[PDB]
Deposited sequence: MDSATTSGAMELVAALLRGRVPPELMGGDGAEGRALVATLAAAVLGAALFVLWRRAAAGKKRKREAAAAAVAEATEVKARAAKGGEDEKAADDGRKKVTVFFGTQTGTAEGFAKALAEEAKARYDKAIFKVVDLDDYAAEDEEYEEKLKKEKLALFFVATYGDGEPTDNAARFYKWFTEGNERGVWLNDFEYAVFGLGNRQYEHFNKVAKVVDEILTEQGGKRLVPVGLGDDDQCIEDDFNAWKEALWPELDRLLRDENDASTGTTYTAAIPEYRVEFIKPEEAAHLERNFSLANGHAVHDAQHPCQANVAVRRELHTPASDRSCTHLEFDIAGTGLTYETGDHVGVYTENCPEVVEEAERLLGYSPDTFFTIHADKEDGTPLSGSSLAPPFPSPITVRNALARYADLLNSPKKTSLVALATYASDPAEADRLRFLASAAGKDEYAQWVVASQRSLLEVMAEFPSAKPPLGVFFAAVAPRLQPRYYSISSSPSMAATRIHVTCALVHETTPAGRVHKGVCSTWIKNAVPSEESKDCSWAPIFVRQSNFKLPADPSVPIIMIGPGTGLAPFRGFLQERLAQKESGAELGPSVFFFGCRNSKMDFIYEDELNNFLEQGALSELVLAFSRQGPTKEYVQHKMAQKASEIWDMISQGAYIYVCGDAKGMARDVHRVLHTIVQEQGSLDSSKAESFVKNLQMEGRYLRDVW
């Protein structure tokens, strides 16, 4: 038991990773798994259940009209509307068309009812793609556009608001180094939607403000669990590895270096390791310097290559850094090296992928058709792994 469904795990430590000279944030959190069945391996993810900000919840109460003190059974033991809006209602994401049909049914204003049925309808698929999805309008924003849509409480949790999803995180710790704590490295998500809403990331803000048992015993806690991933180190340490996680994509790789370090003390020569890390600035964004210098100092990581998004005049990214070490990358690829990419899927991952096609031919001497197939074969061999979100 206790894998599919969550295990209450208090939060032991919660530390800010950036310097006070950084205008962003990134949180180091450790969940205390002592006394639980929870087990994890290097490269795994941890699912974390959180709750909505109180202000968000306050707004949902305003628009629904319910009594928060109303106890009802979410589809045992009942729950209040206020607690269900907090831990079980996805309030801030954009309503699906089926949710708009439900809303429309309880829209007592005929034009509000017509616009909703339209937005869900086929002849509305263009406007629904722009006004709702493109603009990143929440369920809460939509209901404010149609104050007449007053679905009953059953209908709301059954159809309008889907369940608050658990947020997944790459464990940044290895069991050998801390078999009693799950380490998560979590950047603070804080954006403005095209429609001008200011969105606090939901699990990220919880983590950024979680009270750790190392500073109080009312410490925070969250239902958590572990999902097995294929983002795994090679069985043989000797095998050469390439790691390409910048910014917050370092997290898996920190548990890669704890694994082979803990092994190395009792184990064999680890062979070549090269970690490509990128971040904005030396004096702000560099998360886990001293540990990384330590992993370099004691030979856990053979080499460490960094690019600076914005510190320098030149604005280096990691893929650019890869082009500089292209010939060497290719040698490790020919040597049997595994390559890991982790971090932002839409940009870094894509550009890192494109560099790879371009980089193989420099010594591959293959054209795009041939280079494409080669790098595709690395993926089906298991050689080339991507943990991107």
property: Deposited residues absent from the coordinates (by C-alpha); result: 1-299, 375-392
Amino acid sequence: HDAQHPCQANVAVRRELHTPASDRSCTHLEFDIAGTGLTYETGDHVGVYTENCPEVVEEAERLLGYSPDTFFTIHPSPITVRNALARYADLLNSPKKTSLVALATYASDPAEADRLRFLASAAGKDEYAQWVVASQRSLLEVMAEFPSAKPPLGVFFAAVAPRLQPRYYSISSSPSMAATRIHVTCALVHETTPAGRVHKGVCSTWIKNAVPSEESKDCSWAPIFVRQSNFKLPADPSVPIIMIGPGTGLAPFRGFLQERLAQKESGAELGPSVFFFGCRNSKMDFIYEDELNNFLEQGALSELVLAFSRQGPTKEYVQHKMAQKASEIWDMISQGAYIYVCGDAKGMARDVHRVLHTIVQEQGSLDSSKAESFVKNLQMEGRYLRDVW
From here on, numbers count along this sequence of modelled residues.
{"query": "Of 172-180 and 77-85, the one with larger mean CA B-factor", "finding": "172-180"}
{"query": "Given 49-57 and 351-359, the range whose Cα B-factors average higher in the PDB entry", "finding": "351-359"}
{"query": "Selection by C-alpha B-factor (highest) of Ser135, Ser121, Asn93, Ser282", "finding": "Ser282"}
{"query": "Top Cα B factor in the deposited entry, candidates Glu259, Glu191, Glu145, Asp109", "finding": "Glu259"}
{"query": "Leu139 - Cα temperature factor, lowest/middle/highest third of chain", "finding": "lowest"}
{"query": "Chain-relative CA temperature factor third for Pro272", "finding": "highest"}
{"query": "Within-chain third of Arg62 by Cα B-factor, per the entry", "finding": "lowest"}
{"query": "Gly196 - which third its CA temperature factor falls in, relative to the rest of the chain", "finding": "middle"}
{"query": "B-factor third for the C-alpha atom of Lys232 within its chain", "finding": "middle"}
